[PDB]
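Here is the structure we will look at, set down as structure tokens.
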Amino acid sequence: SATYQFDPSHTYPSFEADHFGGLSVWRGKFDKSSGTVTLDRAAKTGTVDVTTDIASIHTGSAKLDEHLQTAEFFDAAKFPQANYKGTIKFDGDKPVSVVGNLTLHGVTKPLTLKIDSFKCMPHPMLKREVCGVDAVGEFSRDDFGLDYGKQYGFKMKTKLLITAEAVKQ
Amino acid sequence: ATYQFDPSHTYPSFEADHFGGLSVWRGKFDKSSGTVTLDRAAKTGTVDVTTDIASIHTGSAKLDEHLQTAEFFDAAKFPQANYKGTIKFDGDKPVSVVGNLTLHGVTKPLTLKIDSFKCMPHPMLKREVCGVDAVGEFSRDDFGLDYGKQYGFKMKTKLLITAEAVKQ
Ligand SMILES: CC(C)=CCC/C(C)=C/CC/C(C)=C/CC/C(C)=C/CC/C(C)=C/CC/C(C)=C/CC/C(C)=C/CC/C(C)=C/COP(=O)(O)OP(=O)(O)O
Ligand SMILES: CC(C)=CCC/C(C)=C/CC/C(C)=C/CC/C(C)=C/CC/C(C)=C/CC/C(C)=C/CC/C(C)=C/CC/C(C)=C/COP(=O)(O)OP(=O)(O)O
């Protein structure tokens, strides 16, 4: 069993969201995350606790970024952070998913992240073990009270593409 | 027909390796512009697009600035990347763009696969808008961008392209 702290400079949730009913895909990410992983490879368990600052969104449009902070969408004044906690599941000898709960826009809903890749190595600078993952999830944003655009043909399905690296304490 | 890219819905996003599979860097370039031609009867069309290197966003300001330097893109020398290509149709629908990318002053062949294509009247502008999601992949060392190669970094770089163009 081991405890690791996410390296913010290599931990980001990226997303994909719909524009105009399939016209194109909005892609972007949140720049500021932090948290902790625990992993016990021999017991085939582990956990994640991660927090993302909503104000750190980047869409490519500074105007959209600022607009999404308002009460029409994230209401970042009331809910500055999103938080995910979950239990790591293994399939064979490697982690394969995290089953847990996301709190976004003040609302808590189930969310499972599938782990597409997992690697551990000695960190080229800090020396201690660093574990890294690529993971994916999807949710319907209206389940978190985020239904803007629904009345105009926008699809609520939101994809998450997660980069994370965590360094053993 | 001729269409101008709407910069606010046109972005090349990317995926790149970190430490030989440790994780995936994701980001995008925020500023692009250009033009599409489409003759859907004749089943042909073209793309001409330019992206500003200084518009890169990776989530890490330190990395964004390091990428500008002569160690990587050398934006003082080469501020823009430019892609031109010919649209191919798989019948009625565009399916790919076959062309050339100029990146870091080097021109190489690059094919973009079109995963989705839709045209519709634009809500606000009241002219036709066409939109695509497209993908491509290249090896960055083919453009002289080999940083990290000595240290196990993979050179395969994926492009995930969002584009919307409004009919003139
Ligand atoms: C071993 C190890 C490393 C283990 C770890 C394992 C692991 C999997 C760890 C998890 C790590 C991490 C980082 C997890 C992240 C978890 C978190 C907190 C996730 C939540 C992320 C989050 C905040 C998601 C929100 C996503 C959303 C809803 C984004 C916004 C999408 C968006 C752009 C919607 C469109 C809105 C609008 C208004 C569009 C219209 O455009 P507009 O320009 O106005 O004009 P037009 O009129 O043309 O439409
Ligand atoms: C009808 C219609 C709409 C038709 C249109 C069809 C169509 C397909 C149109 C195309 C539209 C568009 C927008 C096309 C775009 C084409 C263009 C010009 C594409 C080029 C984009 C471009 C500039 C690509 C470059 C991508 C690259 C190489 C990005 C950087 C990758 C990167 C971050 C690599 C990592 C490098 C390093 C050094 C990482 C290590 O640093 P770090 O992790 O901080 O370090 P350490 O751990 O030590 O701290």
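We label chains A, B, ... in the order they appear in the structure tokens, count residues from 1 in each chain, and number ligands from 1 in the order shown.
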Would you list which chain B residues are within 7 Å of chain A using only C-alpha atoms, as a list in words? residues 8, 22, 23, 24, 30, 59, 60, 118, 131, 132, 133, 162 and 163 of chain B
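Secondary structure of range 33-149 of chain B, helix (DSSP H, G or I) only (DSSP, backbone atoms): residues 53, 54, 55, 61, 62, 63, 64, 65, 66, 67, 68, 140, 141, 142, 143 and 149 of chain B.
Across B:94, B:77, B:127, B:65, the tightest approach to residue 115 in chain B is made by B:94 when counting only C-alpha atoms.
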Produce as JSON, numbers by chain the set of residues near ligand 2, where near means within 6 Å with only C-alpha atoms and all ligand atoms considered. {"B": [10, 11, 12, 14, 16, 18, 25, 36, 49, 50, 51, 63, 81, 82, 83, 112, 130, 131, 132, 134, 140, 147, 161, 163, 164, 165]}
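Shell of residue 96 in chain A at 7 Å, with only C-alpha atoms counted and residues fewer than 2 places along the chain excluded, is residues 89, 90, 91, 94, 114 and 115 of chain A.
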Skipping near chain neighbours, those fewer than 3 positions away, what residues fall within 6 Å of range 37-52 of chain A using only C-alpha atoms, listed as number ranges by chain? A: 1-4, 32-34, 81-88, 90
Identify, on the basis of only C-alpha atoms, every residue whose closest approach to residue 80 in chain B does not exceed 10 Å; exclude the query and any residue fewer than 6 positions from it along the same chain; express the result as a list in words. residues 32, 50, 51, 52, 53, 54, 55, 73, 102, 103, 104 and 105 of chain B
Per DSSP on the backbone, filter chain A down to the residues in strand (DSSP E) and report them as a compact mmCIF listing (two decimals) with N, CA and C atoms, in the first residue's frame.
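Saved as selection36.txt:
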# COMPACT_ATOMS: atom_id res chain seq x y z
N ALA A 2 0.38 2.31 -0.79
CA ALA A 2 1.15 3.47 -1.04
C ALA A 2 0.20 4.69 -1.23
N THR A 3 0.70 5.83 -0.88
CA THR A 3 -0.05 7.09 -1.05
C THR A 3 0.71 8.02 -1.94
N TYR A 4 0.03 8.59 -2.95
CA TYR A 4 0.67 9.44 -3.91
C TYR A 4 -0.06 10.79 -3.98
N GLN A 5 0.59 11.84 -4.33
CA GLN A 5 -0.03 13.17 -4.45
C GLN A 5 -0.02 13.58 -5.94
N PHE A 6 -1.13 14.07 -6.49
CA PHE A 6 -1.12 14.40 -7.89
C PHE A 6 -0.17 15.54 -8.10
N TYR A 12 -4.81 16.95 -15.41
CA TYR A 12 -5.82 17.80 -15.99
C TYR A 12 -7.00 16.99 -16.47
N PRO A 13 -8.21 17.38 -16.19
CA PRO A 13 -9.36 16.89 -16.89
C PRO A 13 -9.60 17.71 -18.11
N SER A 14 -9.57 17.08 -19.26
CA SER A 14 -9.99 17.65 -20.51
C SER A 14 -11.39 17.19 -20.83
N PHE A 15 -12.10 17.86 -21.71
CA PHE A 15 -13.45 17.52 -22.02
C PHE A 15 -13.75 17.62 -23.53
N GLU A 16 -14.86 17.02 -23.90
CA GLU A 16 -15.50 17.19 -25.19
C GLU A 16 -16.96 17.44 -24.98
N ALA A 17 -17.48 18.51 -25.58
CA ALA A 17 -18.93 18.81 -25.45
C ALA A 17 -19.45 19.16 -26.87
N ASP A 18 -20.75 19.07 -27.05
CA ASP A 18 -21.39 19.26 -28.37
C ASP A 18 -21.59 20.73 -28.64
N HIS A 19 -21.48 21.09 -29.91
CA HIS A 19 -21.90 22.38 -30.39
C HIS A 19 -22.96 22.21 -31.54
N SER A 24 -20.05 20.54 -34.43
CA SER A 24 -18.66 20.35 -34.10
C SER A 24 -18.55 20.00 -32.64
N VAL A 25 -17.30 19.78 -32.23
CA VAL A 25 -17.01 19.37 -30.83
C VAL A 25 -16.23 20.45 -30.12
N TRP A 26 -16.72 21.01 -29.02
CA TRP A 26 -15.94 21.85 -28.12
C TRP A 26 -14.96 21.03 -27.37
N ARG A 27 -13.68 21.36 -27.41
CA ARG A 27 -12.70 20.68 -26.61
C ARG A 27 -12.04 21.72 -25.71
N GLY A 28 -11.64 21.31 -24.54
CA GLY A 28 -10.91 22.20 -23.63
C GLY A 28 -10.48 21.47 -22.39
N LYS A 29 -10.03 22.20 -21.35
CA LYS A 29 -9.56 21.51 -20.15
C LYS A 29 -9.66 22.47 -19.00
N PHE A 30 -9.47 21.95 -17.81
CA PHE A 30 -9.34 22.79 -16.56
C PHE A 30 -7.88 22.72 -16.19
N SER A 33 -5.83 21.46 -10.80
CA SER A 33 -6.33 20.28 -10.04
C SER A 33 -5.30 19.90 -8.93
N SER A 34 -5.80 19.21 -7.95
CA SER A 34 -4.97 18.67 -6.90
C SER A 34 -5.66 17.47 -6.26
N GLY A 35 -4.90 16.66 -5.54
CA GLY A 35 -5.45 15.58 -4.74
C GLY A 35 -4.52 14.44 -4.49
N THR A 36 -5.07 13.32 -4.10
CA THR A 36 -4.37 12.20 -3.54
C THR A 36 -4.89 10.89 -4.09
N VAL A 37 -3.99 9.94 -4.36
CA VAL A 37 -4.32 8.58 -4.72
C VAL A 37 -3.75 7.65 -3.65
N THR A 38 -4.52 6.61 -3.32
CA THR A 38 -3.93 5.51 -2.59
C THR A 38 -4.05 4.27 -3.43
N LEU A 39 -2.99 3.40 -3.41
CA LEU A 39 -3.02 2.24 -4.24
C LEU A 39 -2.33 1.07 -3.48
N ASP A 40 -3.01 -0.05 -3.45
CA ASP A 40 -2.47 -1.32 -2.84
C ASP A 40 -2.63 -2.38 -3.93
N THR A 45 -6.71 -2.84 -4.67
CA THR A 45 -7.64 -1.74 -4.33
C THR A 45 -6.86 -0.44 -4.33
N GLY A 46 -7.63 0.64 -4.26
CA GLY A 46 -7.06 1.95 -4.16
C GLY A 46 -8.16 2.98 -4.18
N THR A 47 -7.82 4.27 -4.05
CA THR A 47 -8.83 5.33 -4.05
C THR A 47 -8.28 6.59 -4.69
N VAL A 48 -9.13 7.46 -5.14
CA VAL A 48 -8.83 8.75 -5.67
C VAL A 48 -9.66 9.81 -4.95
N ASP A 49 -9.05 10.95 -4.64
CA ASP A 49 -9.72 12.16 -4.16
C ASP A 49 -9.13 13.27 -4.90
N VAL A 50 -9.88 13.92 -5.78
CA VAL A 50 -9.29 15.00 -6.62
C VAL A 50 -10.24 16.17 -6.72
N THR A 51 -9.70 17.38 -6.75
CA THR A 51 -10.45 18.58 -6.81
C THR A 51 -9.95 19.44 -7.97
N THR A 52 -10.87 20.04 -8.74
CA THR A 52 -10.56 20.87 -9.88
C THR A 52 -11.18 22.25 -9.68
N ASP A 53 -10.46 23.31 -10.04
CA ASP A 53 -10.98 24.72 -9.81
C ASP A 53 -11.75 25.04 -11.09
N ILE A 57 -10.93 26.86 -16.11
CA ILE A 57 -11.35 26.39 -17.45
C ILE A 57 -10.62 27.12 -18.57
N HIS A 58 -10.29 26.36 -19.64
CA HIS A 58 -9.85 26.98 -20.85
C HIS A 58 -10.56 26.28 -22.02
N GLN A 81 -15.38 24.74 -7.03
CA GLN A 81 -14.61 23.52 -7.27
C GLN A 81 -15.55 22.41 -7.67
N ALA A 82 -14.99 21.41 -8.36
CA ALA A 82 -15.58 20.13 -8.58
C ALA A 82 -14.72 19.12 -7.85
N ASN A 83 -15.32 18.08 -7.32
CA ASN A 83 -14.59 17.09 -6.49
C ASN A 83 -14.98 15.73 -6.88
N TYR A 84 -14.04 14.83 -7.06
CA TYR A 84 -14.34 13.46 -7.42
C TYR A 84 -13.63 12.58 -6.38
N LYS A 85 -14.38 11.61 -5.86
CA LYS A 85 -13.87 10.57 -5.01
C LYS A 85 -14.31 9.23 -5.50
N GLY A 86 -13.42 8.21 -5.49
CA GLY A 86 -13.85 6.92 -5.99
C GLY A 86 -12.85 5.86 -5.66
N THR A 87 -13.28 4.62 -5.85
CA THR A 87 -12.51 3.40 -5.53
C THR A 87 -11.98 2.79 -6.81
N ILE A 88 -10.69 2.47 -6.77
CA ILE A 88 -10.03 1.88 -7.94
C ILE A 88 -10.31 0.39 -7.97
N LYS A 89 -10.71 -0.09 -9.16
CA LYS A 89 -10.96 -1.48 -9.43
C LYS A 89 -9.88 -2.04 -10.34
N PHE A 90 -9.57 -3.31 -10.19
CA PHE A 90 -8.52 -3.94 -10.98
C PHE A 90 -9.11 -5.07 -11.85
N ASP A 91 -8.48 -5.34 -12.98
CA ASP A 91 -8.95 -6.44 -13.88
C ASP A 91 -7.63 -7.00 -14.34
N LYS A 94 -3.83 -5.02 -13.19
CA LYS A 94 -3.71 -3.58 -13.37
C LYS A 94 -5.04 -2.89 -13.05
N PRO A 95 -4.93 -1.70 -12.51
CA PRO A 95 -6.16 -0.90 -12.37
C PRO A 95 -6.83 -0.70 -13.66
N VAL A 96 -8.18 -0.76 -13.68
CA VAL A 96 -8.94 -0.60 -14.85
C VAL A 96 -10.04 0.41 -14.84
N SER A 97 -10.47 0.79 -13.60
CA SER A 97 -11.57 1.75 -13.49
C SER A 97 -11.54 2.35 -12.11
N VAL A 98 -12.30 3.43 -12.00
CA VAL A 98 -12.52 4.08 -10.71
C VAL A 98 -14.03 4.27 -10.67
N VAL A 99 -14.65 3.80 -9.60
CA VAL A 99 -16.10 3.93 -9.41
C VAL A 99 -16.37 4.84 -8.24
N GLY A 100 -17.07 5.94 -8.47
CA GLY A 100 -17.23 6.89 -7.43
C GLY A 100 -18.27 7.91 -7.75
N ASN A 101 -18.03 9.08 -7.25
CA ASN A 101 -19.00 10.18 -7.26
C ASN A 101 -18.34 11.50 -7.56
N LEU A 102 -18.94 12.24 -8.44
CA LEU A 102 -18.51 13.58 -8.84
C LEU A 102 -19.46 14.59 -8.27
N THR A 103 -18.93 15.60 -7.60
CA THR A 103 -19.70 16.78 -7.16
C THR A 103 -19.31 17.97 -7.99
N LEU A 104 -20.27 18.44 -8.77
CA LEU A 104 -20.08 19.47 -9.82
C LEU A 104 -21.33 20.34 -9.72
N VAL A 107 -23.89 19.50 -7.09
CA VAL A 107 -24.68 18.29 -7.16
C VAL A 107 -23.76 17.09 -7.22
N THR A 108 -24.13 16.05 -6.50
CA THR A 108 -23.28 14.86 -6.42
C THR A 108 -23.97 13.76 -7.20
N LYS A 109 -23.32 13.12 -8.19
CA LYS A 109 -23.83 12.03 -8.95
C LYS A 109 -22.81 10.95 -9.15
N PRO A 110 -23.22 9.70 -9.37
CA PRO A 110 -22.23 8.66 -9.68
C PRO A 110 -21.46 8.92 -10.95
N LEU A 111 -20.17 8.55 -10.91
CA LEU A 111 -19.35 8.63 -12.12
C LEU A 111 -18.28 7.58 -12.05
N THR A 112 -18.14 6.79 -13.16
CA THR A 112 -17.09 5.81 -13.30
C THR A 112 -16.12 6.31 -14.37
N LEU A 113 -14.86 6.20 -14.11
CA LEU A 113 -13.78 6.55 -15.04
C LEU A 113 -13.12 5.24 -15.45
N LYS A 114 -12.94 5.02 -16.74
CA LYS A 114 -12.22 3.84 -17.21
C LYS A 114 -10.77 4.18 -17.43
N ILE A 115 -9.86 3.36 -16.99
CA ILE A 115 -8.40 3.66 -17.04
C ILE A 115 -7.93 2.91 -18.31
N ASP A 116 -7.45 3.67 -19.28
CA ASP A 116 -7.05 3.14 -20.58
C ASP A 116 -5.58 2.79 -20.52
N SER A 117 -4.81 3.46 -19.69
CA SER A 117 -3.39 3.18 -19.55
C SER A 117 -2.97 3.48 -18.11
N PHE A 118 -2.01 2.73 -17.66
CA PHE A 118 -1.45 2.88 -16.31
C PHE A 118 0.01 2.49 -16.42
N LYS A 119 0.90 3.33 -15.86
CA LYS A 119 2.33 3.13 -15.85
C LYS A 119 2.91 3.70 -14.59
N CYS A 120 3.87 2.98 -13.99
CA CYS A 120 4.63 3.56 -12.95
C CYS A 120 6.12 3.50 -13.24
N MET A 121 6.87 4.48 -12.77
CA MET A 121 8.30 4.57 -13.08
C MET A 121 8.94 5.46 -12.03
N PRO A 122 10.25 5.41 -11.89
CA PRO A 122 10.86 6.34 -11.02
C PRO A 122 10.80 7.75 -11.68
N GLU A 129 8.55 7.10 -6.90
CA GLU A 129 7.72 6.51 -7.90
C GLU A 129 6.66 7.51 -8.32
N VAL A 130 6.49 7.61 -9.63
CA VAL A 130 5.33 8.33 -10.22
C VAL A 130 4.48 7.38 -11.00
N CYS A 131 3.17 7.44 -10.72
CA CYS A 131 2.22 6.62 -11.48
C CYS A 131 1.42 7.59 -12.34
N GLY A 132 1.20 7.14 -13.54
CA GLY A 132 0.43 7.93 -14.51
C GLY A 132 -0.64 7.19 -15.21
N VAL A 133 -1.73 7.90 -15.53
CA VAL A 133 -2.86 7.25 -16.18
C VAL A 133 -3.42 8.14 -17.25
N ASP A 134 -4.06 7.50 -18.23
CA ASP A 134 -5.02 8.12 -19.11
C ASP A 134 -6.33 7.50 -18.87
N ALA A 135 -7.36 8.29 -18.68
CA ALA A 135 -8.68 7.72 -18.31
C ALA A 135 -9.76 8.48 -19.06
N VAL A 136 -10.93 7.85 -19.12
CA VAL A 136 -12.07 8.40 -19.81
C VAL A 136 -13.33 8.20 -19.08
N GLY A 137 -14.23 9.16 -19.17
CA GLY A 137 -15.55 9.07 -18.56
C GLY A 137 -16.53 9.85 -19.38
N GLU A 138 -17.80 9.65 -19.11
CA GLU A 138 -18.79 10.48 -19.79
C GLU A 138 -19.92 10.66 -18.81
N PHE A 139 -20.63 11.80 -18.94
CA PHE A 139 -21.80 12.06 -18.13
C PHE A 139 -22.74 12.96 -18.92
N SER A 140 -23.98 13.06 -18.46
CA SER A 140 -24.95 13.94 -19.04
C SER A 140 -24.99 15.18 -18.17
N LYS A 157 -24.49 15.10 -23.47
CA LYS A 157 -23.38 14.17 -23.27
C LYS A 157 -22.08 14.89 -23.32
N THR A 158 -21.29 14.70 -22.25
CA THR A 158 -20.02 15.40 -22.06
C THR A 158 -19.03 14.32 -21.85
N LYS A 159 -17.90 14.35 -22.53
CA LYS A 159 -16.89 13.37 -22.36
C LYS A 159 -15.76 13.94 -21.57
N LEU A 160 -15.15 13.13 -20.74
CA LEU A 160 -13.95 13.52 -20.01
C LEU A 160 -12.77 12.66 -20.45
N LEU A 161 -11.64 13.34 -20.65
CA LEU A 161 -10.39 12.73 -21.06
C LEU A 161 -9.40 13.20 -19.99
N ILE A 162 -8.92 12.31 -19.17
CA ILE A 162 -8.20 12.63 -17.97
C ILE A 162 -6.76 12.27 -18.07
N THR A 163 -5.85 13.24 -17.86
CA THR A 163 -4.47 12.99 -17.72
C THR A 163 -4.17 13.12 -16.24
N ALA A 164 -3.42 12.17 -15.67
CA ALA A 164 -3.04 12.33 -14.24
C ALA A 164 -1.69 11.69 -13.99
N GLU A 165 -0.90 12.33 -13.17
CA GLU A 165 0.36 11.76 -12.67
C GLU A 165 0.40 12.02 -11.17
N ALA A 166 0.77 11.01 -10.40
CA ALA A 166 0.83 11.20 -8.95
C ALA A 166 2.13 10.61 -8.41
N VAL A 167 2.77 11.35 -7.53
CA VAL A 167 4.11 11.00 -7.04
C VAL A 167 4.00 10.47 -5.64
N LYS A 168 4.62 9.32 -5.42
CA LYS A 168 4.58 8.65 -4.08
C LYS A 168 5.11 9.60 -3.00
